[PDB]
Every structure is written in structure tokens, then in C-alpha cells.
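Chains as they are written, first to last, in the authors' numbering: chain 0, 2 to 98; chain 3, 2 to 98; chain c, 2 to 98; chain Y, 51 to 100.
Here a beta-carbon is modelled for each residue, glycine too, at the ideal position from N, C-alpha and C.
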Amino acid sequence: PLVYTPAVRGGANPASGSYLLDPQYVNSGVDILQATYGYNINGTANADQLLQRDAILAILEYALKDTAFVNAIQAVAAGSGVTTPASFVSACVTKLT
Amino acid sequence: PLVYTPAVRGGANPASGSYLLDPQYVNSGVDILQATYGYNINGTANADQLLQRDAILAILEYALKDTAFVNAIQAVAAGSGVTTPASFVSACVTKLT
Amino acid sequence: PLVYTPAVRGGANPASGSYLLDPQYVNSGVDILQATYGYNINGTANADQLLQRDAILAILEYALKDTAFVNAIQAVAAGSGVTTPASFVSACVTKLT
Amino acid sequence: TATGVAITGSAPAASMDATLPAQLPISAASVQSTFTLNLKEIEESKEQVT
């Protein structure tokens with residue numbers, strides 16, 4: 002089971018709730034991203050969104066920066082049945098299940 | 002073949018270069034990203050990284066807002082052997098390929 | 002295939018598009034035309050209407066001046082049922098095909 | 051939220067408002083028009099129009 006602390010050096014759980022992602026270079030070292038991540042804004046996370054938030058940051062702190070994950074999500078988009086980019090995400094759900 | 006445009010309505014290809022994402026509400030409507038996306042800062046895009054930028058922007062607009070993709074990336078993170086999250090991104094690359 | 006040039010000598014393709022025809026003496030005797038020809042005023046000529054313009058300027062320069070074409074168009078008008086000359090032109094289009 | 055508890059109650063859970071952005075972008079596009087007029091058309095139209 003994935004258990005980790007968010008990858009910024011001194012800002013894991015902020016007092017304000019406005020967690021600022023570190024700037025990362027995603028497109029094989031070409032494009033900068035510079036996101037933030039505001040915490041609980043429609044109530045608390047009731048120990049199930051507390052697990053999904055542990056996974057959304059993992060696809061965002063680490064995965065888009067990596068040059069082997071972005072090649073896999075490149076080759077899904079080059080499939081012969083993937084257009085209209087709301088069926089792009091339904092073509093990678095079936096790979097992840 | 003994924004045909005795609007930047008999903009913000011009137012700000013598709015910015016003349017400034019700093020493509021600013023609209024805020025989408027992730028983790029089933031509890032959190033908020035408010036990201037940007039800076040274009041070419043360490044070079045050019047050399048006719049293949051346009052296809053890798055094609056899938057970074059789609060996985061950052063149409064995937065993290067979706068509720069069936071986040072329940073599929075959650076179940077990978079609750080598997081076995083997926084700790085220290087360079088293994089989470091490497092267990093995800095074997096599913097997609 | 003027809004090869005053709007505008008018949009007035011130094012004024013073949015004008016700058017303003019107002020191709021002034023040189024006057025011809027039409028009835029073999031006694032008349033004169035002094036026409037002009039405006040170029041593209043309701044669009045452009047889209048690679049097929051150049052061929053129609055290639056034949057209108059030939060029937061207006063080298064045909065009305067001739068004495069055997071005006072006698073050939075005389076004998077159609079003295080035919081059978083060629084009255085109200087929107088039918089004179091429809092009884093001439095059956096001979097040309 | 052403003053809920054009703056007893057007189058000897060126990061101070062119910064917290065709440066705040068929320069403020070949201072709009073972000074309304076413009077630097078992408080522009081409406082334009084062209085002429086392509088000659089240098090001799092402007093000359094012979096200064097003496098051939100009323």
C-alpha cells in the first residue's frame with residue numbers, strides 16, 4: 002500500500018491549506034508546470050478522499066516528471082480507437098483495471 | 002489518433018507562452034488545482050514532444066477531474082509492493098503497456 | 002484545347018480589371034459596340050470560370066465581327082417557333098451540343 | 051452552517067464560506083482584414099471617378 006509524505010522539502014501539510022507544488026519540468030525537460038493544490042473546500046475528506054488525495058499527488062509530484070510514464074500515456078493516445086478526449090481517459094481506465 | 006485542443010475556451014494557444022489552466026475540482030469535488038503550463042523554456046518541441054505534450058495536458062484536464070479514473074489509480078496504490086512511490090509509477094507503466 | 006489572348010494589343014490583362022474592349026463594326030456594315038469588360042467583382046474565377054471567361058471574350062471579339070457567324074445566327078432566328086427570345090437562346094443551345 | 055444544539059451542549063463542528071476564481075482568458079486570437087491595393091490603381095482613379 003502506498004504511504005508517503007508529499008515531495009516538497011518543508012511544506013508537507015501547510016497551515017493555510019494552500020499546498021504549493023514545486024515547479025517541475027515535465028515534457029522531457031522542456032515545459033514547466035507550476036501547480037498548486039488547495040485542500041478541503043467542500044468539507045473534510047472522510048477517510049476515503051483522504052486516500053484518493055494520496056494518489057492524485059503521486060500522479061502529479063512524480064509521474065508527469067518521469068520519462069517512462071509519459072511514454073506509456075503517449076502510446077495510449079496513438080491507439081486506433083482513441084479520439085475525442087473524454088474517451089482518452091476511458092481507454093486508460095481499462096488498462097488500469 | 003488523439004486529436005486535441007487545449008480545453009480552456011478562449012485561451013487555447015497563448016501568445017505569452019504561459020498557458021494558464023482553468024481551476025478544476027479534483028478528488029470528487031473536495032480539492033482544487035489551479036495550475037498553469039509554461040511552454041518551451043529549455044529548447045523546442047522537435048515534432049515528437051508535441052505528442053508528449055498532447056497527453057500531459059489531457060491527463061491534467063480530463064483525467065484528474067474524472068471520478069472513474071481516480072478510483073482506478075487508487076486501486077493501484079493499494080496493491081502489494083507499491084511503496085516508496087517510484088514503484089507506484091512503475092507498477093502503473095506495466096498496466097498501460 | 003483553346004489557346005487565347007485578349008485581342009486589344011497593349012492592354013491584355015489590366016491592372017484595375019476594367020478590360021476596355023476595342024470597338025468592332027458588327028453588322029458587317031453600319032454599327033459599333035464599344036464594350037468594356039469588368040473583371041472579378043463578385044468573387045474570383047475559381048479555375049473553371051476562367052474557361053468560361055476564355056470563351057465569352059472570344060465570342061465577343063472574333064465572332065460578332067465576322068460575317069459568316071452573324072449570318073449563321075440570323076438563320077436560327079428565322080426558324081420555327083423561335084419567338085420571345087428567351088427561347089431563341091434555348092433553340093441555339095440545342096445546335097451547339 | 052448554523053445548527054441547533056442543547057443549552058448544555060458541546061459546541062458543534064466548524065464551517066466557513068468559500069471564494070472561487072473565474073480566470074476568463076485572453077491572449078489567443080484577433081480579428082483582422084487586408085487590402086492588397088496596387089500603386090497604379092490609386093493613380094488612375096484620381097482622375098476617373100466623380
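For residue i: DSSP bridge partner residues
i             : result
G80 (chain c) : DSSP output for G80 (chain c) lists no bridge partner at all.
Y20 (chain 3) : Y38 (chain 3)
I33 (chain 3) : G39 (chain 0)
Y5 (chain c)  : In DSSP, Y5 (chain c) forms no bridge with anything.
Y26 (chain 0) : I33 (chain 0)
Boundaries of the alpha helix (DSSP H) in which residue i is found, first to last residue
i             : result
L58 (chain 3) : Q50 to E62
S91 (chain 3) : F89 to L97
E94 (chain Y) : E91 to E94
Bounding residues of the beta strand (DSSP E) (the contiguous stretch that carries residue i)
i             : result
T37 (chain 0) : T37 to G39
Burial state of residue i, where buried means 16 or more other Cβ atoms lie within 10 Å
i                   : result
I74 (chain 0)       : buried
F70 (chain 0)       : buried
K66 (chain 0)       : buried
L51 (chain c)       : exposed
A36 (chain 3)       : buried
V90 (chain 3)       : buried
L3 (chain 3)        : buried
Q53 (chain c)       : exposed
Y5 (chain 3)        : buried
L61 (chain 0)       : buried
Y63 (chain c)       : exposed
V81 (chain Y)       : exposed
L22 (chain 0)       : buried
residue 1 (chain 3) : This structure gives no information on residue 1 (chain 3), because the portion of chain 3 shown stretches from 2 to 98.
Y20 (chain 3)       : buried
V55 (chain Y)       : exposed
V27 (chain 3)       : buried
Handout entry: Near-chain 0 residues of the segment 41 to 71 of chain 3 - C-beta to any C-beta below 7 Å
Key = Here the close residues are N41, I42, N43, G44, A46, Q50, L52, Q53, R54, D55, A56, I57, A59, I60, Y63, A64, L65, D67, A69, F70 and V71.
For the segment 79 to 95 of chain Y against the segment 47 to 64 of chain 3, are there 3 or more C-beta pairs whose distance is under 8 Å?
Taking 8 Å as the limit for Cβ pairs, the verdict is that the segment 47 to 64 of chain 3 does not touch the segment 79 to 95 of chain Y.
If the cut-off is 7 Å on Cβ atoms, which residues from the segment 12 to 29 of chain c count as contacting chain Y, listed in chain order?
Within the segment 12 to 29 of chain c, the residues whose Cβ lies closer than 7 Å to some Cβ of chain Y are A16 and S17, listed in chain order.
*Spell out a yes or no on whether the segment 10 to 18 of chain 3 and the segment 86 to 93 of chain 0 are touching, meaning 3 or more CB-CB pairs, one atom from each, closer than 8 Å.*
Segments in contact, no.
Task: Any 3 or more C-beta pairs closer than 8 Å across the segment 15 to 22 of chain c and the segment 34 to 50 of chain c - done: Taking a cut-off of 8 Å for Cβ pairs, the segment 15 to 22 of chain c and the segment 34 to 50 of chain c touch, as three or more such pairs fall below it.
Contact list for the segment 61 to 73 of chain Y against chain 3, Cβ threshold 7 Å: Residues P71 and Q73.
Proximal residues, the segment 72 to 90 of chain 3 versus chain 0, C-beta separation under 9 Å: Legend: CB atoms of the segment 72 to 90 of chain 3 lying less than 9 Å from CB atoms of chain 0 belong to residues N72, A73, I74, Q75, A76, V77, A78, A79, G80, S81, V83, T84, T85, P86, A87, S88, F89 and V90.
Task: Touch test, the segment 43 to 54 of chain 3 against the segment 22 to 33 of chain 0, Cβ-Cβ under 8 Å, three pairs minimum - done: The segment 43 to 54 of chain 3 vs the segment 22 to 33 of chain 0: in contact.
Margin query: Along the segment 86 to 97 of chain Y, where does the CB come closer than 8 Å to a CB of chain c? Name the residues.
Written below: Here the close residues are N88, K90, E91, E94 and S95.
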